[PDB]
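First comes the structure, then the notes that go with it.
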2 protein chains.
Amino acid sequence: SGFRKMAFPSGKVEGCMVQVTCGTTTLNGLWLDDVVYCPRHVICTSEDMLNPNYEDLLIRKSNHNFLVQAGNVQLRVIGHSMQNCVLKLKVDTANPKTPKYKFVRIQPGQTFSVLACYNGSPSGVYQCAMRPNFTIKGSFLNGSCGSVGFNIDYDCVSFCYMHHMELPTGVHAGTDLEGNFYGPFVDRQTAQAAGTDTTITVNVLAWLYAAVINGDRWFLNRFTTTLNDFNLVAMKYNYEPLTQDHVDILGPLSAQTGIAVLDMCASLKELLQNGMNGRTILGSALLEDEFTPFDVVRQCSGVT
Amino acid sequence: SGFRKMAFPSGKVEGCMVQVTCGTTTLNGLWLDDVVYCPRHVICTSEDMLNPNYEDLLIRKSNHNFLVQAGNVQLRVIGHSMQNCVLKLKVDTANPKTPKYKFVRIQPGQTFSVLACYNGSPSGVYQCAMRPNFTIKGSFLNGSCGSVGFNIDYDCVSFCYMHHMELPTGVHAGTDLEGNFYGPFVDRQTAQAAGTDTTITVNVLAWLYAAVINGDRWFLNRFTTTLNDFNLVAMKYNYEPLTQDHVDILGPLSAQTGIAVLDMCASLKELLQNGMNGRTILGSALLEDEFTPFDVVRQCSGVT
Ligand SMILES: Cn1cc(CNC(=O)N(CCc2ccccc2)Cc2cccnc2)nn1
Ligand SMILES: Cn1cc(CNC(=O)N(CCc2ccccc2)Cc2cccnc2)nn1
């Protein structure tokens, strides 16, 4: 028993991290097969970031200007191309540590592990959710760009995120591995609005089920609700509307606990309207939304 | 910016995990050099756990009864010995993935990363603190025993914990890598009292400094306090007494923020006496105590 914000084991991703330097800018890159993926702003100086013309900046660069270092050995760059906001550096050596992998674009509300890196070296790993407004509440400092987000299914690493920037608001923005930003963000030093964020309702309900499984049941009540009644409450508290798709994914947790989804919704409704009254759920004094129904099942079943 | 419960990258530890089976019991082992370390209860059946005589149970076992599997290949066991609550299985092959390592006994209040494993395979990684009462609030299921806790300083893995059991209260108990339990616990299926736990005061203060560095400053007040006045408040709220040793370790954070330790103590005092008033600090609605001053400095400086 016990419930933790658990990240995937980061080993398969650590073996892919490299350092990419271009001019005086250094960041992290991801070496998979014979390609190194990194944020395209590696070609900019701080001065270029105000309004970069990446196409023009990249034209001044040749393969030999991109210094790629894996551990202590240098990689020979034989090709370079820009795909959206990422650069793909073709190297003459395939990464011997390349795991089975896929590039996936995750949906808002889904979770993933981030391996924060500096100078191509891993510093830490943490679990987070892609917010409904397509930002992540990460922990990243200058030089962390190129650090990636991922999920693992047995031996396959699904890379879903590459870190690019921090908004003036302190939240983080990045791309999928094809360089497409999640959200309306652009890789430019300009104040950018992240949308109104909302709470991931299906994840809070999944976490309430995890709480029941682990013994925290004080929040269970004698009430039930409807999807429409619950959504009136969700609207008021900036929770994303719950759909039958969300109820369907909660099926296994509802079956395991014997608590109908709408009954769990009524508990969530009372928690929203009354607060926690100074109590905690799974060691938290707020409603946690960074665990999907799949994460709860995985953690509660010990999937390796 | 941003502050997360960050774990160390688990790669160096993943390369050490093996599966140990003895009779019908299977758990995790740690393969370092030519030795596999695992909980000694691997030799027990569920029936033996009520009151095991480990010395007598181990005498019925030979090297060939301990099946050690690393990935898909079998390890040949050439020696076995019991040291406190761990078995050391000498194998004929040194682990090629053995990192630079040390065995350390951590102090209560210190933090570490846990790589939860099942059947010798890693499932997840999370950061936790050794509680003042020598329990850990982990996330472990049956079969997780032998999963280890560790810290990493550049290339050296300091193993500090091996998971053994879950108390009837839902908290976890284990040993150092010499098999000495942290706390008064015994590896037996008997109800065991964990002491009264307390909040790790120096860690909460470290986390309040991390909050200031990251922009959360609403809790800062115009007050100061003394060590004696603060400790009267800590006593009342089951916080560990703050000592000059704790103030000394908080020096770097106090210097970085310009907030004297006793001034931060006065903010903590007001938070203890008034609560959070429905507000949050670093995304938490309670006072977090699982980040040491060293963790705050490491995360806020990007040490790899
Ligand atoms: C040596 N060096 C400096 C840099 C550039 N800076 C960064 O690392 N970040 C921002 C880059 C950026 C700025 C404006 C529009 C787009 C992108 C990423 C970041 C920083 C802080 C917190 N979270 C993320 N890269 N390598
Ligand atoms: C196949 N198999 C079964 C087991 C035995 N069971 C376990 O894994 N645990 C307890 C063993 C134990 C019991 C009583 C006194 C000492 C030790 C560890 C645990 C379980 C649940 C949550 N956290 C930790 N090991 N391998």
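Below, chain A is the first sequence line, B the second, and so on; all start at residue 1.
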If you tally heavy-atom pairs under 4.5 Å against chain B, which of A:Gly124, A:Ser1, A:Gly11, A:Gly170 wins? A:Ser1
Using a 4.5 angstrom heavy-atom cutoff, name the option from A:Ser121, A:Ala7, A:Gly2 with the most pairs to chain B.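 Of A:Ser121, A:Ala7, A:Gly2, A:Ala7 has the most heavy-atom pairs under 4.5 Å with chain B.
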Residues, nucleotides or ligands: over 12 heavy atoms within 6.0 Å of A:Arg217 CZ: no
Take atom CZ of B:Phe181 as the centre, draw a 6.0 Å sphere, and report whether it contains more than 12 heavy atoms from other residues, nucleotides or ligands.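 More than 12 within 6.0 Å, yes.
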Nearest 0.5 Å please: distance from the [atom1] atom of [X] over to the [atom2] atom of [Y].
X: B:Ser301; Y: A:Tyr118; atom1: OG; atom2: OH; answer: 9.0 Å
X: B:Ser139; Y: A:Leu282; atom1: OG; atom2: CG; answer: 9.5 Å
X: A:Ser123; Y: B:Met6; atom1: OG; atom2: CE; answer: 6.0 Å

Minimum heavy-atom distance between A:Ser10 and B:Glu14, given as atom pair plus value: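 Looking at all heavy atoms of both residues, the closest pair is N-OE2, 3.3 Å.
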Heavy-atom distances under 4.5 Å only: say whether A:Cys128 touches chain B with side chain, backbone, both or neither.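 Looking at A:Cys128, backbone and side chain both touch chain B.
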Do [X] and [Y] have side chains that get closer than 4.5 Å, going by heavy atoms?
X: B:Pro9; Y: A:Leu115; result: yes
X: A:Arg4; Y: B:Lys137; result: yes
X: B:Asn119; Y: A:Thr304; result: no

Chain A contacts, top residue of B:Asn214, B:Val303, B:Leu286 (heavy-atom pairs, under 4.5 Å): B:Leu286
With a 4.5 angstrom heavy-atom cut-off, could you sort out which part of B:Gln127 is near chain A: side chain, backbone, both or neither?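 Just its backbone gets close to chain A.
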